[PDB]
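> the data below comprise the sequence and an experimental structure of the protein.
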Amino acid sequence: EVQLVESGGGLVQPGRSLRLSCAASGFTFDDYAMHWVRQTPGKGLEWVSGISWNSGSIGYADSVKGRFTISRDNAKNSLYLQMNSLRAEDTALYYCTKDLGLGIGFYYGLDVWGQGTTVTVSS
Amino acid sequence: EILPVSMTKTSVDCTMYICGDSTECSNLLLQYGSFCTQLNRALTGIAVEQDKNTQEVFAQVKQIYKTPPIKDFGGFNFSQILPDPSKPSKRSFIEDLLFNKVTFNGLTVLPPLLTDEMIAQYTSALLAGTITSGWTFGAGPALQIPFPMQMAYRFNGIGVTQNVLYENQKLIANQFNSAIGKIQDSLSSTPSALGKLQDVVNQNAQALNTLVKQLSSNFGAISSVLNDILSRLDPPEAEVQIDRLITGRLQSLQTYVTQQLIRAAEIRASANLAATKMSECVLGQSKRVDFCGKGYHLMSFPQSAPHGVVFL
Amino acid sequence: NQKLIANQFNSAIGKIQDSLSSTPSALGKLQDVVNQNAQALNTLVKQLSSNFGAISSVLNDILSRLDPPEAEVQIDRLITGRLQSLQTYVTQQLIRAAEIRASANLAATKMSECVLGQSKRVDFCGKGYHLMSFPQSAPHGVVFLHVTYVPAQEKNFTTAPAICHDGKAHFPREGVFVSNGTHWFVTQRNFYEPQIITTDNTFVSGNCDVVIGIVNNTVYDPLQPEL
Amino acid sequence: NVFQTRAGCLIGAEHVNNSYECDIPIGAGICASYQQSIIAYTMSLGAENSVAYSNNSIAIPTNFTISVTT
Amino acid sequence: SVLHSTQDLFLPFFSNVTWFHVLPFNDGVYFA
Amino acid sequence: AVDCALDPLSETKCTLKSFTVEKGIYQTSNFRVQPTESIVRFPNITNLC
Amino acid sequence: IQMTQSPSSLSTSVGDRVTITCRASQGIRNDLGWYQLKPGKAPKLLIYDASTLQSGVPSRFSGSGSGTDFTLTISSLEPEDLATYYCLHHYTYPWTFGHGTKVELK
Ligand SMILES: *[C@@H]1O[C@H](CO)[C@@H](O[C@@H]2O[C@H](CO)[C@@H](O)[C@H](O)[C@H]2NC(C)=O)[C@H](O)[C@H]1NC(C)=O
Ligand SMILES: *[C@@H]1O[C@H](CO)[C@@H](O[C@@H]2O[C@H](CO)[C@@H](O)[C@H](O)[C@H]2NC(C)=O)[C@H](O)[C@H]1NC(C)=O
Ligand SMILES: *[C@@H]1O[C@H](CO)[C@@H](O[C@@H]2O[C@H](CO)[C@@H](O)[C@H](O)[C@H]2NC(C)=O)[C@H](O)[C@H]1NC(C)=O
Ligand SMILES: *[C@@H]1O[C@H](CO)[C@@H](O)[C@H](O)[C@H]1NC(C)=O
Ligand SMILES: *[C@@H]1O[C@H](CO)[C@@H](O)[C@H](O)[C@H]1NC(C)=O
Ligand SMILES: *[C@@H]1O[C@H](CO)[C@@H](O)[C@H](O)[C@H]1NC(C)=O
């Protein structure tokens, strides 16, 4: 019974900053890497960012690099994505996922997917 | 411990180097023809060995091993040695550090048979096998053993009863983790840490520059530009001038080739030592006094470095 | 298992003959040495037919045609070229000889350590745990037959660092504590020979608190039944 | 049968998806073998064997093999 | 009992030659 | 006899000076791209010395 | 590292073997995953590593291939199986998804 719940997705004007929070329950949060994936309405799934268990290893997609920050709070079991300089292309359905591995080592893959939240960028 | 394993593979086309696409020069060079062939053959042999050296050091075990996705094996972190997605080639944290510190005519450089990614993968397999199966994966079927228990076996080898480890497990783990942490700092602070590997790179480059420079020497001829002599003097006279250049340029190659042969021999000796350490220090516990570090040896980990290997 | 071991050893020896015969490249290492020397020598001989810029590559001809003053010039060209050819040859042999010497020293070491004793080096004398080696002469070289012991047919068991009996930790003097199902035994690490835990095969190090993973069990005492 | 490799352009060899042990080295991790047409493939480091690692699990050999090597 | 490499031979191998039941003489001719 | 220019395999035999060729990769030739044309650029001088 | 997935769409009858091919720009060793996307549903991890099926995944799905070329095979098509499929490389950041393949009934 591993449940990931997304929150904070809402309509935003272009160029503004929005924050996404994912709540984690039913598993040990500090023992797995976490990832953010967005599903564009007209395009296939795109991987956005990934963080390790201790936050030592962080990766970002080339498109979002320099505008998106991923942070995690182990005590609060929460995953945070900070989005800045939002653009029309960004609008998509954002999913918080749980990596089978620790972001380091030999085992990788997105084991669990949250229901997802919708972010719309429009004027 | 840092050991050079291979050197850059360079192939020189003797004819192009001595004669710049000049038929006249080529015909003159037909005399004493064997010389050209002997040179290319010699350099080719050097190149082949470089591949052999690498295989002997890394490609010893032919099975891939993976560590379980757990954070601590009995309190021993091991994080720094394990592969990282953030690192450029999926290399380990330490390996990444190592690669950053080290920095026409007929000359050409031939690509190494084993790409850096392949070598990186070999190191990881050796490392993983050691953490999960101790020294049994190098002597036959790999059998699993709890890491904490493996260290107890190591203590018996040096001559200390196993109880000592179990009763001080926590302390030993912290000490080990602390030491690993210093490694990163040590390499970074000491610029000359990888001097041994760097020297190899400089020597090869230095030699190659000299060879190229030599093409601008007159050696007694009116000019060092073959086309000029051809564009001025008539055939009978040109021959004399060209011969001077051929003689000098020919000598320059032989000197270069000879140095590479001697230099290559040194590298081969080093590679053989590296191979021995991989088998004795990494795939087993050595009893030799200072073959695997100072003190009583317990275990060793292999990390790939440019044109070489680093042993912890 | 004397009989079994003997048969295994005999079978392995039988394969050796077949292996060398089937694999043509088995003795490639030795063959290479022969070819290189021959190759070098052919080249030296061939060089005697090069003009090096002289009218001819036959010394007698120049002597039989040109007069002494002129001949000198032509002869000098040949001398210079032929002289250079020798030095190149000699230099290659020196470097090549050095390589052979290194190889010979290694061979000498193996003869002393592998053949005249049992080596503990990991892969100095074959793969596996070395038992003994036999030397066989080969042309311009030596062939070593290495007999090694390779473990086989592994089984997985649960293991514990120590056994807690009467508040005292027990550590195996030699071997490891294994458990099949619900029974705990002590066995030598290399080969599976389960034996009941007793005071004789284990030693007591202290209480049962510091050790992590200690499991509870009974350590039989030999003296108690007699008493 | 024109293929592009880091070593250079390769002709007369058919690219194969499957990886095999190196037979003839072409460089940059590419090897060529005769299987009947010549094939070019990326070399394979080896098979994947991973021991199940647990904190209380050990594997003890129950038999032995005597091997002679040359 | 030796193998010698020379440039004297002038006939290209596996070359289709004209079949006849004045022909220019170019650098020698092979007649059968 | 062996025609060295007939085909690559033939060329390999000539380089190895042996009719039989063993398994392996052998470097037997060098490749160059021939110049398409000759271009001469001289000054434009009408005056005669 | 771009991932190219072929064919973009295929139509197959029930009981028909299905093969989907994913290719990589550079070698990714064995790091790849196959993801099933159904309308109104979160993506699901069918295969990880090269051929390791996730717990709870029907045996019909199978994973094959190493290095540059990778393949996903469904022994028999089922009504449940009709969904888009994606291949994700896990070799190095940034991880890149494939364009995707849509499977539909004839
Ligand atoms: C293993 O060691 C790593 C360091 O190599 C530890 O991770 C670091 O922890 C510190 C805080 O103590 C963080 O500031 C760093 O970001 C972490 N990562 C790195 C790469 O330094 C890790 O905690 C150790 N493992 C355990 C279980 O303690
Ligand atoms: C091993 O045996 C000891 C002693 O019989 C057990 O110690 C008991 O532990 C329980 C649970 O913590 C306590 O309530 C008792 O008071 C302890 N008794 C004594 C005498 O200390 C120990 O728990 C046993 N270990 C296991 C795993 O069963
Ligand atoms: C250890 O392995 C040997 C073989 O290496 C086993 O001996 C074989 O036993 C089978 C019957 O189980 C016979 O058919 C074979 O002919 C035997 N081979 C030889 C060379 O004798 C032996 O049984 C194994 N030991 C155990 C305890 O399993
Ligand atoms: C050996 O491992 C299997 C799992 O593969 C397990 O079911 C079995 O209990 C293990 N053996 C022992 C003696 O624990
Ligand atoms: C464990 O093995 C021993 C060996 O003699 C046996 O006596 C005991 O019954 C076994 N326990 C099992 C199979 O549960
Ligand atoms: C071994 O790991 C298990 C979890 O898989 C844990 O419950 C147990 O306490 C561990 N044993 C020791 C001795 O740490």
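Noted; the coordinates are in hand. Numbering: from 1, shown residues only, chains lettered A, B, ... in the order given. Ligands and ions are numbered 1, 2, ... in the order given.
> three-state assignment of the residue lying closest to residue A:55 once chain neighbours are set aside?
Nearest non-adjacent residue to residue A:55, counting by Cβ to Cβ, 6 or more residues apart in numbering or on different chains: residue A:72, 6.1 Å away. C-betas here are computed from N, CA, C, even on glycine. At residue A:72, secondary structure determined by DSSP: H, G, I helix; E, B strand; the rest coil is strand.
> what is the neighbour count of residue A:72?
Neighbours of residue A:72 under the rule other Cβ atoms under 10 Å in any protein chain shown: 22.
> just list whatever residues bridge to it.
When bridges are called by DSSP bridges, residue A:72 pairs up with residue A:79.
> now for residue C:12, how many residues are close by?
Neighbour tally, residue C:12, other Cβ under 10 Å: 17.
> give me the spatial nearest neighbour of it, chain neighbours excluded.
For residue C:12, ignoring the flanking residues on the chain, the nearest one in space by Cβ to Cβ, 6+ apart is residue D:68 at 3.9 Å.
> also residue B:77?
That would be residue B:177: by Cβ to Cβ, 6+ apart, it lies 4.9 Å from residue B:77.
> assign the one you found to helix, strand or coil.
Of the three states, residue B:177 takes helix according to three-state DSSP.
> kindly report the same for residue B:119.
helix.
> if we can go back for a sec, does the helix or strand containing the residue nearest to residue C:12 come close to ligand 5?
Secondary structure assignment for residue D:68, by DSSP states H and E: strand D:57-69. No: judged by Cβ under 6 Å from any ligand atom, strand D:57-69 stays clear of ligand 5, getting no closer than 12.8 Å.
> what are the buried residues along that strand?
Within strand D:57-69, the residues scored as buried using 16 or more other Cβ atoms under 10 Å in any protein chain shown are D:57, D:58, D:59, D:60, D:61, D:64, D:65, D:66, D:67, D:68, D:69.
> repeat for stretch C:135-144
Along stretch C:135-144, these residues count as buried under the neighbour rule (16+ other Cβ under 10 Å): residue C:144.
> name the residues that touch that stretch?
C:27, C:29-30, C:33-34, C:107, C:110-111, C:114-115, C:125, C:133-134, C:145, D:70 (Cβ atoms under 8 Å, 6 or more residues apart in numbering or on different chains).
> and those residues, which two are the farthest apart?
Using Cβ to Cβ, the pair of the contacts of stretch C:135-144 lying farthest apart is C:34 and C:125, separated by 26.4 Å.
> so which of these two has more stuff around it?
Between residue C:34 and residue C:125, counted using other Cβ under 10 Å, the more crowded position is residue C:125 (25 against 12).
> let me know whether the more buried one touches residue C:116 as I believe.
No: using Cβ atoms under 8 Å, residue C:125 is not in contact with residue C:116, being 11.3 Å away.
> can you narrow the contacts of stretch C:135-144 down to the ones near ligand 5?
Checking these against ligand 5 by Cβ under 6 Å from any ligand atom, not one of them is in range.
> list just the nearest of those residues to residue G:26.
Out of the contacts of stretch C:135-144, the member with the shortest distance to residue G:26 (by Cβ to Cβ) is residue C:29, at 36.8 Å.
> leaving out the residues flanking it, which one is nearest to whichever residue of chain A sits closest to chain C?
Closest residue of chain A to chain C, Cβ to the nearest Cβ: residue A:31 (19.8 Å). If you skip the residues right next to it in sequence, residue A:31 has residue A:53 as its closest partner in space, 6.2 Å away by Cβ to Cβ, 6+ apart.
> could you do residue D:22 as well?
residue D:31 (3.9 Å).
> wait, that neighbour sits on residue D:18?
No: Residue D:31 is beyond contact range of residue D:18, at 11.9 Å (criterion: Cβ under 8 Å).
> neighbour count winner among the two?
Neighbours per residue (other Cβ under 10 Å) separate residue D:31 from residue D:18, with residue D:31 holding more: 20 against 12.
> just checking, what packs against the helix or strand where the more buried one lies?
If you go by DSSP H and E, residue D:31 is part of strand D:30-34. Here strand D:30-34 touches strand D:24-27, strand D:38-42, going by 3 or more Cβ pairs under 8 Å, 6 or more residues apart in numbering or on different chains; DSSP states H and E.
> name every strand pairing with the first one and say which way it goes.
Going back to what we said before, that points to strand D:24-27. Note on strand D:24-27: by DSSP bridges, its sheet partners are strand D:30-34 (antiparallel).
> quick check: phi and psi at the spatially most central residue of chain E.
Closest to where the C-alpha atoms of chain E average out (Cα atoms, centre = their mean) is residue E:11, at 2.9 Å. In terms of degrees, to the nearest 10, the main-chain angles of residue E:11 are phi -100, psi 120.
> tell me the angle the strand holding residue D:31 makes with strand D:38-42.
Here strand D:30-34 runs at an angle of 150 degrees relative to strand D:38-42 (axes from the mean of the first three to the mean of the last three Cα atoms, to 10 degrees).
> give me the residue from chain E nearest chain F.
Scanning chain E for the residue nearest chain F gives residue E:13, at 3.9 Å (criterion: Cβ to the nearest Cβ).
> show me what from chain F comes close to chain B.
Proximity of chain F to chain B (Cβ under 8 Å from any Cβ of the partner chain) is limited to residues F:27, F:30, F:32.
> scan these and report the most crowded one.
residue F:27 (11 neighbours).
> nearest spatial neighbour of that residue, chain-adjacent residues omitted?
Excluding its sequence neighbours, the residue lying closest to residue F:27 (Cβ to Cβ, 6+ apart) is residue B:44, at 7.2 Å.
> burial of that neighbour, as a residue count?
Quick note: residue B:44 (other Cβ under 10 Å) scores 15 neighbours.
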